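Engineer: One structure, pasted below without further comment.
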Amino acid sequence: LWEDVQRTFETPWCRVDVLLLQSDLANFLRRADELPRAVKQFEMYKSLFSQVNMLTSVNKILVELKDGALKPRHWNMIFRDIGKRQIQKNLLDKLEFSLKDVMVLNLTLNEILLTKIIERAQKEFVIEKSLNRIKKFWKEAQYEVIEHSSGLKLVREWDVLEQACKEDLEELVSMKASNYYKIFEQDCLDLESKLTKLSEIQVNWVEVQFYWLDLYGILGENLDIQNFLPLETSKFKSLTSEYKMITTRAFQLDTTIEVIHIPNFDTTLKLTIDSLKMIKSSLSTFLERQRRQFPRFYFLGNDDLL
Amino acid sequence: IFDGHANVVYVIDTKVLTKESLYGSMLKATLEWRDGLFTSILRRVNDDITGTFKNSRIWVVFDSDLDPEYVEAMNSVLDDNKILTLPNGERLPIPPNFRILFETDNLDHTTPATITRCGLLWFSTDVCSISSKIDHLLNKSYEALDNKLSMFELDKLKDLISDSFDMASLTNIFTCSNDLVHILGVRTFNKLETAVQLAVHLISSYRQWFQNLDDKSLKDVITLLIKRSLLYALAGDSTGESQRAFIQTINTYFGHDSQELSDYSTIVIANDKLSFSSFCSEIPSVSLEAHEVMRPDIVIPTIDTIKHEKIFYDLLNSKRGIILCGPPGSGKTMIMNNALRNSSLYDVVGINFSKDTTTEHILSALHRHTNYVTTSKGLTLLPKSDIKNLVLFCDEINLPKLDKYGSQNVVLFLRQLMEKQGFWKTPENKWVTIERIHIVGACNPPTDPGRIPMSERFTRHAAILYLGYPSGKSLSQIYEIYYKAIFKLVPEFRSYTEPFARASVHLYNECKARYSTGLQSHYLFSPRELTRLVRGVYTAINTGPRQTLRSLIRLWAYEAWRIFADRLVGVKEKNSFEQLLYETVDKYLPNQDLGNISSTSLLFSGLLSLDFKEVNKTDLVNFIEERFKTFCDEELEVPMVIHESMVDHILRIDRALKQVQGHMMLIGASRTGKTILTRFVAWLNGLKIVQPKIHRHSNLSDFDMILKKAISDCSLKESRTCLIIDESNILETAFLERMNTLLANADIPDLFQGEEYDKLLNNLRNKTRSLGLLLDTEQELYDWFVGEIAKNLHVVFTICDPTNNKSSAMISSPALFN
Ligand SMILES: Nc1ncnc2c1ncn2[C@@H]1O[C@H](COP(=O)(O)OP(=O)(O)O)[C@@H](O)[C@H]1O
Ligand SMILES: Nc1ncnc2c1ncn2[C@@H]1O[C@H](COP(=O)(O)OP(=O)(O)O)[C@@H](O)[C@H]1O
């Protein structure tokens, strides 16, 4: 009984939970009355009853402290300011310190300092939870791709994941305003960089897919125009090959966020989109030249003339 | 038959299917052009030759009214070039065998060029006589029932039906019927089908007892049944005393040689005797319990109640869509629920229509109780899931607003369901036939502002029933039952149940008479108000200690003030109500021991003690002052002053918040302290306050996640929150309809799917297990979530002057007033 109480104190901070602590305290209170008179006359009952009533008094503060808001820095400053003591940093980082060290801080009398510390921790936790979301969300969230005429892997329903990343940027740039968030500032900036690189990657993927499928209905199947634009057709085929390699690399990567970690990726996207734009401009020039070669073509339109 | 050419028909309702579903559309990710219904069927007819199309004739009809935009893609098809012009891909040629039809009644939104390009056929009059229509309807019913029932009994009954009613007196009946006031009425030529179908079904219901009685008595009972059916179908929209007048009329004109139709006429058939005569005055008594004051599944039997129960059950068994009409306080929804849930053959699907409810919402609602099966007759099907019939209760069908060219699209969708018994699956692009999923709905008269007049097609295809306020006496008995139940708590004054009910009914009648929309457009009084005040009395008594007669009268008057007069303006109206309460009490109460009964002279609150009771003015003032001092200590520091009016408002707000439904409408002017007095009262009970944060581009999604997180906090951790919503917060109509739904309903009907549905389910699991509750029934989990949100959520509305158009819409909304 007293051994159970000592075990509860010696159980680490991360290993104790408020629900299990409440159940254990209920068991202690229930079994306190079952003790014979001889045990109660002994000091064991006095010590156990005092300790369990003390733990009952500090139940709510433990509930407040047990949220995911608190980081090891918060507990470090709690121990420094209140208990005027320190716990080994390796044990503090993994949140394994005895509940006795928590209690010797006299949580009841010093409840205001712990309350303001918990308020700051919750202010940082409002940021932390939104961080966790993107963290695991974009961790995978890959682009579902299919097959077109045995060619590239075009992404299906890509606009929804596009919009997801866009709103993730909006929320990451709006959470930058907080009272207690300066802990993950380097992490926050790292996440910002990752998602901004991804945003540019996505706004160029939409454009490159659009133009590649535009010219793919123009080149690659009808040899007449392919022979009519041999240099442009060769450039388009080379771009198709390199972008196919890029898509295979990114799709067997299986990690949307890690796509930025592939070197010469954004540069490849930029050169690809610039070359595609130039190819489309040259194609439009050829269209206009052919229309000048034959005035009646202006009625047929681009698709019909192609 | 004339040419021996096969016929191909495809019926499409225009407004139901959008352009990207009808003609298809390209995908804005790879420009893959989706087929769409019309283009798909055209492709099947033209490109595919396995089907017979050279020898056959192919016919496409657009039953719904057409708008130029839909034919803006068909005008080329309508043009002499005879080619389909797709936005993407090749242009589909169309053969002469591919004919196109259009059907409508309104030409306001049709270009004259289309009129020139099409062939116009007009119907300036009816196509058939009344008698011929009736005869065809009987033939239809006979052929519908022959393939199921015995042929000889069918022969006997159909001969007796043909020889039962003669068209000559029927003409007089219908002509006199036209000479009668209807609500959303249509010409008798439309109600003929409802009358005949109801009659034939109900006479077929008594098949087993048609072989052992004399044919004279069989003729008598068949005349009784046909008279009853004609009454109910033809005059179901009548006032009810005009129903009695029509009863007398048809009694006179129709043959008197048979057993005569009476007002409260019914046959209690039992296999003990040839029980077929007229039965009346059979109302049974019901004993209830004290806690059953507010369970929205409670109804009290009356003659009108049982009559409407039986008529509704008969016409559902008649397999016909039904639409209900009545004043906003007529009680349609809950009497319908009590009529339908107890049924052992029908399943309740209560769905509230919005300003705009998309069709796939109804499709999902069907999915929750149906499944897709594939047969040969109808290929894909959407029939029932269990064995009991599935009937969906659409609510306020007139609430949805028409499109930019008129006509409500999902109203036509319901027309498609209940006319052609199916619809078209938009992605599958194949017709699906339903299996007897009936349609029931209730709508206030369009004379009520904010209600669009309904298209005659929809009203014609269904049947109309109007039920009004059940007189004054019927209210007296029902609230006498309520008051005996409420006096089960206090047996001291059991015999005083009648005076309270009589006083309440008389006060309600006088409130209706004195105050009307002539002053302003919210002086509407309904039996719902009486039910709310009896609940208030029940809560006061249950929470309060033993009360003397004077105490009971005082609390009754206080609840009368809080239910009736708190919506009143001016002081002339207020003192008029005051003196009205004086004469009401004096007439309906012998005890003369009350003092002044005015608002200032009544001070009932539970904030100063555990027991709700009359309390001293000064003590309440001191308590409020101390709490306000605490507010200045910790809450927002604003120069504030305490007076009697704001103290009275604090009492009102506390009483409203302690109610089970803390849905409050606070109407006044600005700078009066309302938006902060509500915070004060909320903190008095220690609630949680959330105020929405809006912007100049705040879409629906902002209020969506704010409302969802508030709901979760009220549910996941039982925060017991209070919501303050201001006239500034309401600017768009989307979250307007969201709030209207969350008020009229109790949950979110459009976001509880997929991952949201699963997290709701697992959160219910976690909360029930943590609380030690064994509740694991999914439907009962949904109902318990409804109960939790109802028990823990309180929303209050702070509004500017009602003269504002937005404020006028706020006060005039049905759910918000209700
Ligand atoms: N037969 C009855 N049994 C019980 N309550 C009734 C009956 N008739 C009317 N009422 C009361 O009258 C009120 C009117 O309801 P109402 O606002 O018309 O509902 P709705 O408009 O949603 O159909 C209801 O709250 C109901 O309690
Ligand atoms: N009873 C009162 N005594 C003193 N000031 C009041 C009172 N009621 C309202 N006010 C004034 O109104 C302001 C608070 O806004 P409020 O009246 O709650 O806005 P609204 O009534 O438009 O919701 C305060 O600045 C205060 O000066």
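Ordering of the structure tokens sets the chain letters (A, B, ...); residue numbers start at 1 within each chain; ligands are numbered from 1 in the order shown.
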Could the residues that lie within 7 Å of ligand 1, counting only C-alpha atoms and all ligand atoms, be listed as a list in words?
Structural biologist: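 So, counting only C-alpha atoms and all ligand atoms, the residues near ligand 1 are residues 298, 299, 300, 301, 302, 305, 327, 328, 329, 330, 331, 332, 333, 334, 335, 526, 527, 528, 531 and 818 of chain B.
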Engineer: How would you report the residues lying within 10 Å of ligand 2, as a PDB file with C-alpha atoms, in the first residue's frame, if you count only C-alpha atoms and all ligand atoms?
Structural biologist:
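Output file pocket09.pdb is given in full below:
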```pdb
ATOM      1  CA  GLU B 637     -13.027  46.967 -17.537  1.00  0.00           C
ATOM      2  CA  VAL B 638     -15.829  49.131 -18.932  1.00  0.00           C
ATOM      3  CA  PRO B 639     -17.641  52.007 -17.182  1.00  0.00           C
ATOM      4  CA  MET B 640     -20.942  50.280 -16.418  1.00  0.00           C
ATOM      5  CA  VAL B 641     -24.086  51.155 -14.468  1.00  0.00           C
ATOM      6  CA  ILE B 642     -26.638  48.829 -12.854  1.00  0.00           C
ATOM      7  CA  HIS B 643     -30.354  49.648 -13.063  1.00  0.00           C
ATOM      8  CA  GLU B 644     -33.660  47.808 -12.756  1.00  0.00           C
ATOM      9  CA  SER B 645     -34.152  47.139 -16.476  1.00  0.00           C
ATOM     10  CA  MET B 646     -30.740  45.532 -16.908  1.00  0.00           C
ATOM     11  CA  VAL B 647     -31.302  43.461 -13.752  1.00  0.00           C
ATOM     12  CA  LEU B 666     -31.934  39.273 -28.190  1.00  0.00           C
ATOM     13  CA  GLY B 668     -33.030  45.840 -29.367  1.00  0.00           C
ATOM     14  CA  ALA B 669     -30.711  48.720 -30.257  1.00  0.00           C
ATOM     15  CA  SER B 670     -26.964  49.220 -29.970  1.00  0.00           C
ATOM     16  CA  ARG B 671     -24.933  50.676 -27.086  1.00  0.00           C
ATOM     17  CA  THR B 672     -27.412  49.159 -24.606  1.00  0.00           C
ATOM     18  CA  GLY B 673     -24.972  46.728 -22.977  1.00  0.00           C
ATOM     19  CA  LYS B 674     -26.467  43.598 -24.539  1.00  0.00           C
ATOM     20  CA  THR B 675     -23.293  42.099 -26.021  1.00  0.00           C
ATOM     21  CA  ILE B 676     -21.566  42.465 -22.642  1.00  0.00           C
ATOM     22  CA  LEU B 677     -24.544  41.783 -20.369  1.00  0.00           C
ATOM     23  CA  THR B 678     -24.755  38.388 -22.062  1.00  0.00           C
ATOM     24  CA  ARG B 679     -21.099  37.804 -21.166  1.00  0.00           C
ATOM     25  CA  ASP B 726     -24.049  39.717 -33.915  1.00  0.00           C
ATOM     26  CA  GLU B 727     -25.659  41.457 -36.872  1.00  0.00           C
ATOM     27  CA  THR B 798     -27.415  40.375 -30.677  1.00  0.00           C
ATOM     28  CA  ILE B 799     -29.202  42.381 -33.358  1.00  0.00           C
ATOM     29  CA  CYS B 800     -29.637  46.012 -34.379  1.00  0.00           C
TER      30      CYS B 800
END
```
Engineer: Between B:312, B:142, B:588, B:431, which is the closest to residue 377 (chain B) once you count only C-alpha atoms?
Structural biologist: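 Closest residue, counting only C-alpha atoms: B:431.
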Engineer: Contacts of residue 409 (chain B) at 10 Å or less, counting only C-alpha atoms, minus same-chain residues fewer than 5 places along, as a list in words?
Structural biologist: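 Contacts, with the query itself left out: residues 13, 14, 15, 16, 17, 18, 64, 356, 357, 358, 359, 400, 401, 402, 403, 414 and 415 of chain B.
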Engineer: Next, write the just-selected residues to a file, as a PDB file, in the first residue's frame, keeping N, CA, C and O atoms as the atom set.
Structural biologist:
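File produced: again.pdb:
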```
ATOM      1  N   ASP B  13     -34.607  15.601 -66.964  1.00  0.00           N
ATOM      2  CA  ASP B  13     -35.067  16.826 -66.326  1.00  0.00           C
ATOM      3  C   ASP B  13     -33.933  17.844 -66.337  1.00  0.00           C
ATOM      4  O   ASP B  13     -32.847  17.579 -65.809  1.00  0.00           O
ATOM      5  N   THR B  14     -34.187  19.003 -66.948  1.00  0.00           N
ATOM      6  CA  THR B  14     -33.125  19.967 -67.214  1.00  0.00           C
ATOM      7  C   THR B  14     -32.505  20.493 -65.925  1.00  0.00           C
ATOM      8  O   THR B  14     -31.327  20.250 -65.643  1.00  0.00           O
ATOM      9  N   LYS B  15     -33.294  21.208 -65.119  1.00  0.00           N
ATOM     10  CA  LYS B  15     -32.743  21.926 -63.974  1.00  0.00           C
ATOM     11  C   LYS B  15     -32.076  21.004 -62.963  1.00  0.00           C
ATOM     12  O   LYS B  15     -31.249  21.466 -62.172  1.00  0.00           O
ATOM     13  N   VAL B  16     -32.416  19.716 -62.970  1.00  0.00           N
ATOM     14  CA  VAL B  16     -31.810  18.790 -62.020  1.00  0.00           C
ATOM     15  C   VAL B  16     -30.345  18.552 -62.359  1.00  0.00           C
ATOM     16  O   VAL B  16     -29.480  18.565 -61.477  1.00  0.00           O
ATOM     17  N   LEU B  17     -30.041  18.346 -63.637  1.00  0.00           N
ATOM     18  CA  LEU B  17     -28.689  18.037 -64.078  1.00  0.00           C
ATOM     19  C   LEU B  17     -28.035  19.286 -64.652  1.00  0.00           C
ATOM     20  O   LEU B  17     -28.594  19.933 -65.542  1.00  0.00           O
ATOM     21  N   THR B  18     -26.852  19.618 -64.143  1.00  0.00           N
ATOM     22  CA  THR B  18     -26.123  20.788 -64.600  1.00  0.00           C
ATOM     23  C   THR B  18     -25.434  20.500 -65.935  1.00  0.00           C
ATOM     24  O   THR B  18     -25.452  19.378 -66.446  1.00  0.00           O
ATOM     25  N   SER B  64     -38.474  18.857 -67.699  1.00  0.00           N
ATOM     26  CA  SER B  64     -38.361  20.092 -66.945  1.00  0.00           C
ATOM     27  C   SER B  64     -38.324  21.291 -67.886  1.00  0.00           C
ATOM     28  O   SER B  64     -37.961  21.184 -69.059  1.00  0.00           O
ATOM     29  N   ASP B 356     -30.586  26.361 -50.061  1.00  0.00           N
ATOM     30  CA  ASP B 356     -30.065  25.587 -51.179  1.00  0.00           C
ATOM     31  C   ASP B 356     -29.500  24.288 -50.633  1.00  0.00           C
ATOM     32  O   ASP B 356     -28.462  24.294 -49.963  1.00  0.00           O
ATOM     33  N   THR B 357     -30.176  23.180 -50.919  1.00  0.00           N
ATOM     34  CA  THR B 357     -29.715  21.852 -50.534  1.00  0.00           C
ATOM     35  C   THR B 357     -29.402  21.084 -51.808  1.00  0.00           C
ATOM     36  O   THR B 357     -30.309  20.758 -52.581  1.00  0.00           O
ATOM     37  N   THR B 358     -28.124  20.799 -52.021  1.00  0.00           N
ATOM     38  CA  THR B 358     -27.694  20.104 -53.222  1.00  0.00           C
ATOM     39  C   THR B 358     -28.249  18.684 -53.254  1.00  0.00           C
ATOM     40  O   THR B 358     -28.527  18.074 -52.218  1.00  0.00           O
ATOM     41  N   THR B 359     -28.414  18.162 -54.472  1.00  0.00           N
ATOM     42  CA  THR B 359     -29.099  16.886 -54.651  1.00  0.00           C
ATOM     43  C   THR B 359     -28.305  15.724 -54.062  1.00  0.00           C
ATOM     44  O   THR B 359     -28.893  14.772 -53.533  1.00  0.00           O
ATOM     45  N   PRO B 400     -36.376  26.592 -50.024  1.00  0.00           N
ATOM     46  CA  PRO B 400     -35.340  26.791 -51.048  1.00  0.00           C
ATOM     47  C   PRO B 400     -35.763  27.823 -52.079  1.00  0.00           C
ATOM     48  O   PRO B 400     -36.923  27.880 -52.492  1.00  0.00           O
ATOM     49  N   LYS B 401     -34.803  28.643 -52.496  1.00  0.00           N
ATOM     50  CA  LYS B 401     -35.061  29.706 -53.452  1.00  0.00           C
ATOM     51  C   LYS B 401     -34.792  29.224 -54.872  1.00  0.00           C
ATOM     52  O   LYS B 401     -33.921  28.384 -55.112  1.00  0.00           O
ATOM     53  N   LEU B 402     -35.556  29.770 -55.814  1.00  0.00           N
ATOM     54  CA  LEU B 402     -35.437  29.387 -57.209  1.00  0.00           C
ATOM     55  C   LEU B 402     -34.097  29.849 -57.781  1.00  0.00           C
ATOM     56  O   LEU B 402     -33.332  30.581 -57.148  1.00  0.00           O
ATOM     57  N   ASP B 403     -33.820  29.410 -59.005  1.00  0.00           N
ATOM     58  CA  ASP B 403     -32.619  29.826 -59.707  1.00  0.00           C
ATOM     59  C   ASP B 403     -32.847  31.179 -60.377  1.00  0.00           C
ATOM     60  O   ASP B 403     -33.899  31.809 -60.233  1.00  0.00           O
ATOM     61  N   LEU B 414     -37.132  15.956 -56.612  1.00  0.00           N
ATOM     62  CA  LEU B 414     -38.151  15.204 -55.889  1.00  0.00           C
ATOM     63  C   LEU B 414     -39.299  14.828 -56.813  1.00  0.00           C
ATOM     64  O   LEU B 414     -39.859  13.730 -56.709  1.00  0.00           O
ATOM     65  N   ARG B 415     -39.669  15.737 -57.718  1.00  0.00           N
ATOM     66  CA  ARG B 415     -40.671  15.410 -58.726  1.00  0.00           C
ATOM     67  C   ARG B 415     -40.233  14.209 -59.553  1.00  0.00           C
ATOM     68  O   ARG B 415     -41.038  13.325 -59.857  1.00  0.00           O
TER      69      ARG B 415
END
```
Engineer: For residue 7 (chain A), list every protein, DNA or RNA residue within 12 Å, evaluated using only C-alpha atoms, and leave out those in the same chain fewer than 4 positions away; present the list as a list in words.
Structural biologist: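 Close residues of residue 7 (chain A): residues 1, 2, 3, 11, 12, 15, 16, 21, 24, 98, 99 and 100 of chain A.
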Engineer: Residues of chain A were defined as contacting chain B if any atom lay at most 8 Å from it, counting only C-alpha atoms; please report them as a list in words.
Structural biologist: residues 154, 156, 157, 158, 159, 210 and 213 of chain A
Engineer: Write the residues of the selection above to a file with N, CA, C and O atoms, as a PDB file, in the first residue's frame.
Structural biologist:
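The file below, out_6.pdb, is the result:
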```
ATOM      1  N   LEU A 154       0.947  11.376 -65.384  1.00  0.00           N
ATOM      2  CA  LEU A 154       0.193  12.579 -65.067  1.00  0.00           C
ATOM      3  C   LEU A 154      -0.557  12.411 -63.752  1.00  0.00           C
ATOM      4  O   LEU A 154      -1.157  11.365 -63.491  1.00  0.00           O
ATOM      5  N   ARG A 156      -3.350  12.723 -60.942  1.00  0.00           N
ATOM      6  CA  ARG A 156      -4.805  12.755 -60.938  1.00  0.00           C
ATOM      7  C   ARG A 156      -5.330  13.582 -59.773  1.00  0.00           C
ATOM      8  O   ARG A 156      -4.791  13.526 -58.665  1.00  0.00           O
ATOM      9  N   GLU A 157      -6.392  14.347 -60.042  1.00  0.00           N
ATOM     10  CA  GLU A 157      -7.041  15.201 -59.041  1.00  0.00           C
ATOM     11  C   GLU A 157      -6.011  15.987 -58.236  1.00  0.00           C
ATOM     12  O   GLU A 157      -6.086  16.084 -57.010  1.00  0.00           O
ATOM     13  N   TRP A 158      -5.034  16.553 -58.939  1.00  0.00           N
ATOM     14  CA  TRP A 158      -3.903  17.189 -58.281  1.00  0.00           C
ATOM     15  C   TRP A 158      -4.262  18.526 -57.650  1.00  0.00           C
ATOM     16  O   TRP A 158      -3.534  18.999 -56.765  1.00  0.00           O
ATOM     17  N   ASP A 159      -5.369  19.138 -58.076  1.00  0.00           N
ATOM     18  CA  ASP A 159      -5.730  20.455 -57.565  1.00  0.00           C
ATOM     19  C   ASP A 159      -6.065  20.418 -56.080  1.00  0.00           C
ATOM     20  O   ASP A 159      -5.834  21.405 -55.374  1.00  0.00           O
ATOM     21  N   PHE A 210       0.414  21.381 -67.858  1.00  0.00           N
ATOM     22  CA  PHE A 210      -0.526  21.973 -68.801  1.00  0.00           C
ATOM     23  C   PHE A 210       0.094  22.105 -70.187  1.00  0.00           C
ATOM     24  O   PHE A 210      -0.469  21.624 -71.177  1.00  0.00           O
ATOM     25  N   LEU A 213       1.015  18.651 -71.891  1.00  0.00           N
ATOM     26  CA  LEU A 213      -0.122  17.955 -72.483  1.00  0.00           C
ATOM     27  C   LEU A 213      -0.692  18.736 -73.663  1.00  0.00           C
ATOM     28  O   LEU A 213      -1.252  18.138 -74.589  1.00  0.00           O
TER      29      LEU A 213
END
```
Engineer: Would you please work out which residue, of A:286, A:247, A:171, A:93, is nearest to residue 268 (chain A) when using only C-alpha atoms?
Structural biologist: A:247
